[PDB]
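PDB entry and its sequence, pasted below:
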Amino acid sequence: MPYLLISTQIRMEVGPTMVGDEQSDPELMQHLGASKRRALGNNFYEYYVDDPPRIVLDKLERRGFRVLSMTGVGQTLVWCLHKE
Amino acid sequence: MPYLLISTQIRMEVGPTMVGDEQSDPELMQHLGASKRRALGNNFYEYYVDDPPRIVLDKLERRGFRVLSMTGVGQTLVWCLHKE
Amino acid sequence: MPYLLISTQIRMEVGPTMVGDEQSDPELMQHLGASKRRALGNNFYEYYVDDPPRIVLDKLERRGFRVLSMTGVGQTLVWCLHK
Amino acid sequence: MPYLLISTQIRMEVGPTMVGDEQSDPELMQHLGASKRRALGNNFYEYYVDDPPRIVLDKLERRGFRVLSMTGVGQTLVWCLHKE
Amino acid sequence: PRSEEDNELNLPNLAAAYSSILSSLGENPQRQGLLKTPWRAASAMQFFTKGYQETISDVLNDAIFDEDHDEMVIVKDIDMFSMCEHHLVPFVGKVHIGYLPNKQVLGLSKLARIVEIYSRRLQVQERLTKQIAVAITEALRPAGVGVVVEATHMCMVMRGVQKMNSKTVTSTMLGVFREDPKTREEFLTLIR
Amino acid sequence: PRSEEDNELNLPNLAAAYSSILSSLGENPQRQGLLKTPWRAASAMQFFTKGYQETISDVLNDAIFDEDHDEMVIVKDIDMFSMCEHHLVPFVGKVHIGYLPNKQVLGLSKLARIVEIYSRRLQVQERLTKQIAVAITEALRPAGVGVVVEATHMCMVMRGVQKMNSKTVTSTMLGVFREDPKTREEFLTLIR
Amino acid sequence: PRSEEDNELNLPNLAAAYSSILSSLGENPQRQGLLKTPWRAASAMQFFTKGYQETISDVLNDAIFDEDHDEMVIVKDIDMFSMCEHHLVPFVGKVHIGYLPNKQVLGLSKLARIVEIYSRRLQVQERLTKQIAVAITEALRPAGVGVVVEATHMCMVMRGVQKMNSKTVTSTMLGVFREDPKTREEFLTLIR
Amino acid sequence: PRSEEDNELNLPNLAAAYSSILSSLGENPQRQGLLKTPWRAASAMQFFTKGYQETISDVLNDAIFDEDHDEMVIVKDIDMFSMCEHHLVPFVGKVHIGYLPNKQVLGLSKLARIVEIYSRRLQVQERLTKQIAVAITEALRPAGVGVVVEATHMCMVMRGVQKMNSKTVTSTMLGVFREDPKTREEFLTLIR
Amino acid sequence: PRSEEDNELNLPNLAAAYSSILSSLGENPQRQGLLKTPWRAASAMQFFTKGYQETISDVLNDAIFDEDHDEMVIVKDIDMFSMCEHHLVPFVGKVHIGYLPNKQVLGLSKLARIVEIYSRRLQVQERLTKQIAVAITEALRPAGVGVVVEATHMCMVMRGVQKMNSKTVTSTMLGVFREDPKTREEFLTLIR
Amino acid sequence: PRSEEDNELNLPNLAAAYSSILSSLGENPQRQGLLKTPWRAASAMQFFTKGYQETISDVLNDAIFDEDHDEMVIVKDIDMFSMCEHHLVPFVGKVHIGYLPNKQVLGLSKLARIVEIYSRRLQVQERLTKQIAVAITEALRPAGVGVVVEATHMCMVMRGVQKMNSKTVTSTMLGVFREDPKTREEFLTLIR
Amino acid sequence: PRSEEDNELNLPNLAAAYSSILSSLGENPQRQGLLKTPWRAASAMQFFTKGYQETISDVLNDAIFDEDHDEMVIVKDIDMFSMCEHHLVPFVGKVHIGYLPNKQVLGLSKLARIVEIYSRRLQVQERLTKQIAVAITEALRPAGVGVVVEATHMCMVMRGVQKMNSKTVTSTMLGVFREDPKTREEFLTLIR
Ligand SMILES: Nc1nc2c(ccn2[C@@H]2O[C@H](COP(=O)(O)OP(=O)(O)OP(=O)(O)O)[C@@H](O)[C@H]2O)c(=O)[nH]1
Ligand SMILES: Nc1nc2c(ccn2[C@@H]2O[C@H](COP(=O)(O)OP(=O)(O)OP(=O)(O)O)[C@@H](O)[C@H]2O)c(=O)[nH]1
Ligand SMILES: Nc1nc2c(ccn2[C@@H]2O[C@H](COP(=O)(O)OP(=O)(O)OP(=O)(O)O)[C@@H](O)[C@H]2O)c(=O)[nH]1
Ligand SMILES: Nc1nc2c(ccn2[C@@H]2O[C@H](COP(=O)(O)OP(=O)(O)OP(=O)(O)O)[C@@H](O)[C@H]2O)c(=O)[nH]1
Ligand SMILES: Nc1nc2c(ccn2[C@@H]2O[C@H](COP(=O)(O)OP(=O)(O)OP(=O)(O)O)[C@@H](O)[C@H]2O)c(=O)[nH]1
Ligand SMILES: Nc1nc2c(ccn2[C@@H]2O[C@H](COP(=O)(O)OP(=O)(O)OP(=O)(O)O)[C@@H](O)[C@H]2O)c(=O)[nH]1
Ligand SMILES: Nc1nc2c(ccn2[C@@H]2O[C@H](COP(=O)(O)OP(=O)(O)OP(=O)(O)O)[C@@H](O)[C@H]2O)c(=O)[nH]1
Ligand SMILES: C[C@H](O)[C@H](O)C1=Nc2c(nc(N)[nH]c2=O)NC1
Ligand SMILES: C[C@H](O)[C@H](O)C1=Nc2c(nc(N)[nH]c2=O)NC1
Ligand SMILES: C[C@H](O)[C@H](O)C1=Nc2c(nc(N)[nH]c2=O)NC1
Ligand SMILES: C[C@H](O)[C@H](O)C1=Nc2c(nc(N)[nH]c2=O)NC1
Ligand SMILES: C[C@H](O)[C@H](O)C1=Nc2c(nc(N)[nH]c2=O)NC1
Ligand SMILES: C[C@H](O)[C@H](O)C1=Nc2c(nc(N)[nH]c2=O)NC1
Ligand SMILES: [K+]
Ligand SMILES: [K+]
Ligand SMILES: [K+]
Ligand SMILES: [K+]
Ligand SMILES: [Zn+2]
Ligand SMILES: [Zn+2]
Ligand SMILES: [Zn+2]
Ligand SMILES: [Zn+2]
Ligand SMILES: [Zn+2]
Ligand SMILES: [Zn+2]
Ligand SMILES: [Zn+2]
């Protein structure tokens, strides 16, 4: 599983940070301290952490991931990481 | 055919993922499990998969594609991949 | 002329793709099959192709260009290529 | 001074291109043919050129700069260059 | 599609059913005021259901012009009268259509004739909204379409929940009307 | 008067007539949207004609109090829903009622309940207006009564003359509402 | 009265006159937009003057009801489309009719059908207003009649004085609508 | 361009055609009210088509100023009266224009005169809208232009679909009015 | 009159009855939301009926002046909040007071204080209207008085007949306000 | 849920508590106008809290139709009457509900019935708003939901702060109604 | 700047020019109504151009307060009366000013006093709008300014195009009012 997508809403200084979908690696989610939930209004499960994205990026780097790209879409900041 | 463009609407955790246009490599579309359709309101055909973008990126990695850039445009998340 | 800027409006699957301005390399524009025009409402000329951006990116790769960055601005998708 | 930020409003084909702030390298601004001004409504000075961004990027390449990233913010296209 | 021969054939059967209704409600079908009702209720019901008789291509009397202009075209406040298929009571309102053509522009009145093919049937507002939009999209193949129907359902006002001030708004946005925030904001503003 | 036993009996006869209508219009009575329609439309028509099941004495519920209130009493904007007896389509609107009592005063809702006995039947606006005014006159023996019914007829808007903006206003002025210019003007101003 | 045979006979003559008009202005009758114009213009003019084809007796399709409902009957906001006989350009607005019956009552939609006979002709607003009031008066022999016509004349807005906001109101008051100050105040209040 | 001598030359031919129309409709061209009508209708038609006599260059009267104003300039609620080229019946409404100048600013009334050149012709609303937008764009070469035309077509209201409340809205957005969401949003708001 | 000592004495009894109501409705009186509700509802009910603690003499704080101004004095749109004595649900609206003094004039605010003595009680609109009018009539001995109360009764909108748009208007016209047609017409105009 | 057996059992307890309230306020529950008030106030409070007797699936009545309609569905201006749990005084207003179906579509009236299950209870506006939104979300599993509730709180207008013109607006935006700027601006435009 | 001494000095010359105008128009300057017209017209014209007598420094009256309020401050519907420099006829309307302060806050009435310096001059609307925006920007150096002027030009209404309903809207957006969509949308909504 080389690619990873993480995100946060505007105010990058604060969480939550979305770190996965239903088919995400459960061990990686457990390592990040992520919890699984289906938020009201969504028809899908997600993994999230209370940490701001900077903490998550440092945690993932210690797991071989590297930020390939970062973008804004609406009020969301998204990071695309690749295991390398 | 070195360049590839894939996209998804906001909520990156869920599909569909647009993986091609009328002139896309039919074998690559078949490999991704993509279907060809002309959505109501569009005057062009598209190839799409039900999978969220993370699954598609992992499949493209095994096919020799690497993400060069990821951007947001409106409510769309777009990935630009290159065969290298 | 090492840098190039190309763009498309939302629905990247379909063209036109803007491939240049008045001072663009005319041989490169001719190679891409681009036409020059001043669209109504604009006070500048542009070079465009009917092709979707994916076709243009493949053509530019055969001409020595590589995508450095891709971004969205309003409803426009822009690619910054370098020779 | 390794980093540089340049920008243009939507319609990348046409200028002006913002090439600096009050503390910018005056020799680099002079080389680009930039003029300094405080536009009405702004409480800061800026350096600008009439040239579209493509012309400015080619000039900066001959001065040792390379584009690290390009992004859209509102109706602005921004380039982040690094001297390397 | 329904023909005028079918209407002449079924009119006596419709009038007989309406006469039966008059008796089953406890009314006297022989009263002065209730005498011609079976035939009148029956032919009003054929009229509220004309449109089963119609086909898009005949309605569009070749009123497809070549207006090579790149502009938004809106026909708003088109009166709409339909029949609710669940309770058989009218649902009435207005329909506002917008579109961005490609190389073909429709005659203004034909958008209102498209509304009349579908509203003059036993409907659900959602089906009616989509049928109008699909007809514009297929006949013209435009860059985008927007259809907004606003209606009062008698079945929600005269009976049942009896929410006398309630209205139903159904909205279909296709192509640039869905994709572009500027296009949809402009259309939503100009229909007001 | 019509009873609940009358409703249960001949409710299947009404449903039978409505499925016959669905066939006669060229519709498929077996499609999803029309499966319950013959029974839902028959229950609806029974509810729209529920006024036949009521008596003025029962409706008034002994809410006639002997008071000396020498003042004009108005209950305006009473939503009114009725069925035309010529074409079985709705005529909907508002009722404004005013009266000047002598020795008897009516409960405010009882005026709206008197609108309901008569509007919930197959009617004609003129009959409906007169029935409300005579019910009040005979229950209270007041100095005067004014009844104004404004309504949109569906038979004039969805078909026939198709005059989409027209309304029918009917007005009964009895006693001092008819004779006194000051009384009538006061009433017509306060219902605005 | 004008017949459908007269319409078929005069349609080619009316199309030839309209084709001549297109040429007499600087226009090209062979351009795409003007090819069908001579016949659509001729057809529209025949529709705009269809009242010449009808008689007041045909309009009164046995829609008289001997009733004695001693009440004011108003039908307001009747859309009215007529043509000025002085410039051959439309004058469009609304008609508000009222009457106080004696022994007979008219069918609600027939009031609007009376507007249609007289308005669908080459007219002057005053003759149109009078003709509607006389038709009701002779059909019902009522206590009184009020007929109010508010219209915008294109010959006053599009050209000449070009008084863009002006509107003409003509008003006929007969019988008790003229004599009684309470009848006339009530009618004018209730049409507003 | 059409001249005033062309108008004098063709006036008898237009009057003769209108006299022929009166006879073909079943009317008596000798009756008092119709005796001056052929000439008054011919004269009205030439005034309605006076746009054929004008050219942009002439109309603009050199009122193009060199003031470099970085602001949005709007002229809203410009009364517009045009002729339908398909039926020869008026389509009337309002035009709202907006622009963002570069180096040249136009005199305010000249935007209403640009509406007059194109609207006083036999038209389609879409062509009319583009002509105003393109005239402004070529004469001033601005950063952007927005033109919204709002009109009631007499051919959809007095006849055909008879959708008495419908209005056609057409909108052209060029340059920054198309590209910038803030610009289009501010223009659409300030014209309300 | 009801005293503050009476209020302190009866408050626990009122809270106990509200506590009983919560249990009898099937609610858990111990949940967070209902924990303070028996005292909050009891205090609110004492506030809504505070008019029983005040006397018309104390309310009129010697604010009766000997002034000769033969002018119509009106205080309109005085917000009114009362309690229906039949169902114990609010009836809210506005009061409009007019008077023509003959030798005594009242302070403007004292007209709203008069509304407050009588509205803050379990009432019937008719009685409330008359009590306001009699208070002014007896205090000032004027030429005439006009009182108009317009209210929405929650017992007709939220339950029962459920006519959500209906309002009740009661009107007392005394002295010259009843006799003089110019006086009444002037008052009824200036309150709008 | 609360049953009809519970209602018969608790009605006398509610009436007795209301009789006790009348005595505690200083009133005479034996006077003409107060005699039936214990039973009337008791029946009103049962009707006001009838939502406790309802289940979301019973209310839905299997009116979930598996239809593929990619369009916004709004049911607006649904009259909402509720009870403030803190003071036991009504909070009344409107509810505007919008959704974007996924695979299932709800019957229009069932949205108003979902309003009724939760509004007919002792409530806080924010809880009521959330309950309506969650019921739709769990029943249909749509792409998004929007619920806006506007209400006047009698406890803020009739007492306390007594800010007579104030209104409370609550708004829940779920799924694409929260995420998409286009979707939200569209729902918010179409509800006004 | 123009002084009050300059006004007194030039008044006889202005009165003589106005007397000459009365004679040149064909009027009798000796008739009763025109006797004092030269002096009244001369003074009015001096008053209409009084803005020339003012300095933005004196107008501000040191009402600049060093405050770190982080909010949008708007002063809307400021009546504006100016004179057209082309025809010397008034152009009248409203000015809506809005700003986002940096460290300096302006006294509310000084925004209206800035409008008065520039409007009381022979103007062009674009220049006037820019002058108001530049005066707020240079006195306060704020994060952003927005100035919207809406006016009726008597030279476009009383004569020329004679478009009676037209208005000119000019809009200057500086700083964050230009760059931020949230800021611009808020200002434009709040001035409605
Ligand atoms: N989406 C949609 N729904 C539509 C129409 C027209 C009607 N309907 C809805 O069909 C449902 C039928 O329900 P039912 O079987 O339970 O009947 P009934 O007990 O009489 O119901 P009710 O009225 O609550 O008493 C109702 O909910 C009705 O509103 C439409 O255009 N679009
Ligand atoms: N006084 C009175 N009149 C009433 C109603 C309700 C309806 N009517 C009127 O009865 C007439 C029936 O005539 P008819 O047989 O000719 O029918 P039909 O050919 O279908 O008519 P139309 O639609 O015109 O073509 C119509 O005119 C209708 O409006 C009412 O309350 N009061
Ligand atoms: N009472 C009445 N009068 C009517 C109509 C319809 C039109 N008219 C009026 O006949 C007059 C004809 O005058 P004319 O010959 O001088 O014409 P022309 O110089 O072209 O006129 P114009 O430039 O506009 O003044 C005009 O005044 C016109 O308005 C109606 O319904 N009732
Ligand atoms: N886009 C556009 N379209 C325009 C005008 C003006 C008119 N039209 C439209 O031309 C069509 C002509 O149709 P036709 O040949 O079939 O005529 P006819 O059967 O008599 O029609 P009708 O009974 O009314 O439907 C109509 O649809 C009409 O509305 C305009 O400004 N813009
Ligand atoms: N004159 C006058 N009348 C007033 C009020 C306040 C209320 N009322 C009216 O007294 C009647 C009481 O009826 P009852 O015992 O039969 O009650 P109930 O079956 O629950 O009634 P309902 O509501 O019909 O279900 C109702 O008609 C009510 O509206 C007022 O201010 N002035
Ligand atoms: N969020 C929310 N709040 C609600 C309701 C209904 C009511 N409330 C609010 O509860 C508070 C109770 O306060 P309390 O104990 O201090 O009472 P009391 O001093 O007598 O009040 P008051 O004199 O008015 O201040 C008040 O503020 C009231 O408005 C709702 O729907 N949503
Ligand atoms: N931008 C701007 N323009 C302004 C004013 C005030 C007026 N004007 C415009 O000056 C032009 C002068 O034209 P001219 O020389 O041709 O005169 P004249 O034949 O009398 O004209 P007209 O009215 O067509 O008959 C007109 O277009 C007028 O509108 C303003 O505030 N801003
Ligand atoms: C739809 C087409 O691709 C293009 O984006 C257009 N958009 C618009 C337009 N015209 C208007 N008025 N609004 C638009 O959003 N013309 C063309
Ligand atoms: C009707 C009685 O005889 C008397 O004429 C009254 N008229 C009126 C009245 N009260 C009002 N408000 N209006 C009247 O016209 N009370 C008594
Ligand atoms: C004026 C003439 O003497 C007569 O009294 C009329 N009055 C009137 C009228 N027509 C109306 N509408 N109103 C009147 O007052 N026609 C004739
Ligand atoms: C006209 C008859 O003689 C009598 O005067 C009537 N007038 C009136 C009435 N009914 C109303 N509504 N208004 C009147 O003026 N019925 C009878
Ligand atoms: C159009 C020009 O390039 C620039 O973006 C401007 N936009 C605007 C402006 N002024 C306003 N009022 N609104 C704009 O959107 N002035 C200049
Ligand atoms: C919600 C779904 O993902 C998609 O974005 C849609 N949005 C919309 C839609 N239809 C309308 N009218 N508005 C939307 O915002 N259909 C589908
Ligand atoms: K965050
Ligand atoms: K997605
Ligand atoms: K594209
Ligand atoms: K640029
Ligand atoms: Zn239904
Ligand atoms: Zn009918
Ligand atoms: Zn005329
Ligand atoms: Zn036409
Ligand atoms: Zn009550
Ligand atoms: Zn409360
Ligand atoms: Zn001028």
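Now that the structure is in, tell me what you want to look at. Numbers count the residues shown, from 1 in each chain, chains lettered A, B, ... in the order given. Ligands and ions are numbered 1, 2, ... in the order given.

so what's the residue minimising distance to the centre of chain E up against?
Nearest residue to the geometric centre of chain E (CA atoms, centre = their mean): residue E:119, 1.9 Å. Residue E:119 makes contact with E:51, E:80, E:81, E:82, E:95, E:128, according to CB atoms under 8 Å, 6 or more residues apart in numbering or on different chains. Quick note: C-beta positions are derived from backbone N, CA and C, even for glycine.

and those residues, which is closest to ligand 24?
residue E:95 (43.3 Å; CB to the ion).

residue contacts, residue 66?
Since no chain was named, I'll use chain A. Residue A:66 neighbours (CB under 8 Å, 6+ apart): A:81, A:82, A:83, A:84.

the chain in question should be chain E.
So residue E:66 contacts E:103, E:104, E:105, G:32 (CB under 8 Å, 6+ apart).

hmm, 7 Å instead?
E:103, E:104 (CB atoms under 7 Å, 6 or more residues apart in numbering or on different chains).

for it, what are phi and psi?
Backbone dihedrals for residue E:66, given as degrees, to the nearest 10, come out at phi -100, psi 70.

so what pairs up with residue 65 in the strands?
As the question left the chain open, I've gone with chain A. residue A:83 (DSSP bridges).

right idea, wrong chain: chain E
Applying DSSP bridges, one finds that residue E:65 bridges with residue E:105.

biggest helix in the chain, by residue count?
Answering for chain A, as no chain was given. helix A:53-61 (DSSP state H).

wait, I meant chain E there
helix E:4-24.

and the angle for that one with helix F:11-24?
Inter-element angle recorded for helix E:4-24 and helix F:11-24: 170 degrees (by axes from the mean of the first three to the mean of the last three CA atoms, to 10 degrees).

is helix E:4-24 in proximity to ligand 2?
No. Helix E:4-24 stays clear of ligand 2 (CB under 6 Å from any ligand atom), getting no nearer than 13.0 Å.

in this structure residue E:170 contacts residue J:70, no?
No. Contact between residue E:170 and residue J:70 fails when scored by CB atoms under 7 Å: they sit 11.1 Å apart.

neighbour count: those two, which is higher?
Counting neighbours by other CB atoms under 10 Å in any protein chain shown for residue E:170 and for residue J:70 shows that residue E:170 has the greater number, 26 against 18.

what residues are up against the more buried one?
E:125, E:126, E:129, E:149, J:71, J:72, J:73.

go with 6 Å
E:125, E:126, E:129, E:149, J:71, J:73 (CB atoms under 6 Å, 6 or more residues apart in numbering or on different chains).

who wins on neighbours among those residues?
Those, ranked by neighbours (other CB under 10 Å): first place residue E:149, 28 neighbours.

before we move on, back to that, now tabulate the contacts of residue A:66 in CSV and tack on distance to residue I:46 and neighbour count.
Listed next are the contacts of residue A:66 as CSV, based on distance: CB to CB, whole Å; neighbours: other CB atoms under 10 Å in any protein chain shown:
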residue, distance to residue I:46, neighbour count
A:81, 66, 23
A:82, 71, 17
A:83, 72, 13
A:84, 75, 9
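
of those, closest to residue F:3?
residue A:81 (75.7 Å; CB to CB).

now that closest one: how far from residue A:5?
Note on residue A:81: its distance to residue A:5, by CB to CB, to the nearest Å, is 8 Å.

try residue A:43
18 Å.

which parts of chain A are helices?
Going by DSSP H, chain A shows helices at A:26-31, A:53-61.

tell me if the shortest one is near chain B.
Right, the one you point to is helix A:26-31. No. Using CB under 6 Å from any CB of the partner chain, helix A:26-31 stays clear of chain B, with a minimum separation of 12.1 Å.

ok, residues contacting that helix?
Contacts of helix A:26-31 (CB under 6 Å, 6+ apart): A:20, A:47.

then the longest one?
Outside helix A:53-61, the residues that touch it by CB under 6 Å, 6+ apart are A:6, A:8, A:12, A:17, A:32, A:81.

could I get those as a markdown table with distance to residue F:63?
Below are the contacts of helix A:53-61 laid out as a markdown table (distance: CB to CB, whole Å):
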| residue | distance to residue F:63 |
| --- | --- |
| A:6 | 69 |
| A:8 | 65 |
| A:12 | 68 |
| A:17 | 66 |
| A:32 | 71 |
| A:81 | 76 |
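
what's the farthest-apart pair in those residues?
Pairwise over those, using CB to CB, the maximum falls at A:12 and A:32, 17.4 Å.

and ligand 4, is stretch E:106-120 touching that?
Yes. Contact of stretch E:106-120 with ligand 4 (CB under 6 Å from any ligand atom) involves E:107, E:108, E:109, E:110.

so how far is that stretch off the chain centroid?
Relative to its chain's centre, stretch E:106-120 lies at 8 Å (CA atoms, centre = their mean, to the nearest Å).

got it, and stretch E:55-63?
16 Å.

anything in it near ligand 21?
No. Stretch E:55-63 stays clear of ligand 21 (CB under 5 Å from the ion), getting no nearer than 10.3 Å.

thinking again about what came up before, compare neighbour counts for residue A:12 and residue A:32 and give me the winner.
Each of residue A:12 and residue A:32 has its neighbours counted (other CB under 10 Å); residue A:32 has more, 22 against 14.

how near is that one to ligand 11?
From residue A:32 across to ligand 11, the span is 80 Å (CB to the nearest ligand atom, to the nearest Å).

touching, that residue and residue A:17? I think so.
No. The pair residue A:32 / residue A:17 is not scored as a contact, 8.8 Å apart, by CB atoms under 6 Å.

okay, how far is it across stretch E:50-65, tip to tip?
27 Å (CA to CA, to the nearest Å).

so which bits of that stretch are buried?
By 16 or more other CB atoms under 10 Å in any protein chain shown, the buried positions in stretch E:50-65 come out as E:50, E:51, E:52, E:53, E:54, E:56, E:59, E:60, E:65.

equivalent analysis for stretch E:138-148, please.
E:139, E:140, E:142, E:143, E:144, E:145, E:146, E:147, E:148.

again with stretch E:26-34
Buried, per 16+ other CB under 10 Å, within stretch E:26-34: E:26, E:27, E:33, E:34.

got the phi and psi for residue E:152?
Taking degrees, to the nearest 10 as the convention, residue E:152 sits at phi -110, psi 130.

how close does it get to residue E:88?
16 Å.

of these two, who's got more company?
Using other CB under 10 Å as the criterion, residue E:152 and residue E:88 rank with residue E:88 on top: 24 against 18.

go ahead and confirm that one touches residue F:39.
No. The criterion here is CB under 6 Å, and residue E:88 misses it with residue F:39 at 11.2 Å.

do the strand ranked longest in chain E and ligand 1 meet?
Longest strand of chain E, by residue count under DSSP state E: strand E:72-84. Yes. Residues of strand E:72-84 contacting ligand 1 under CB under 6 Å from any ligand atom: residue E:84.
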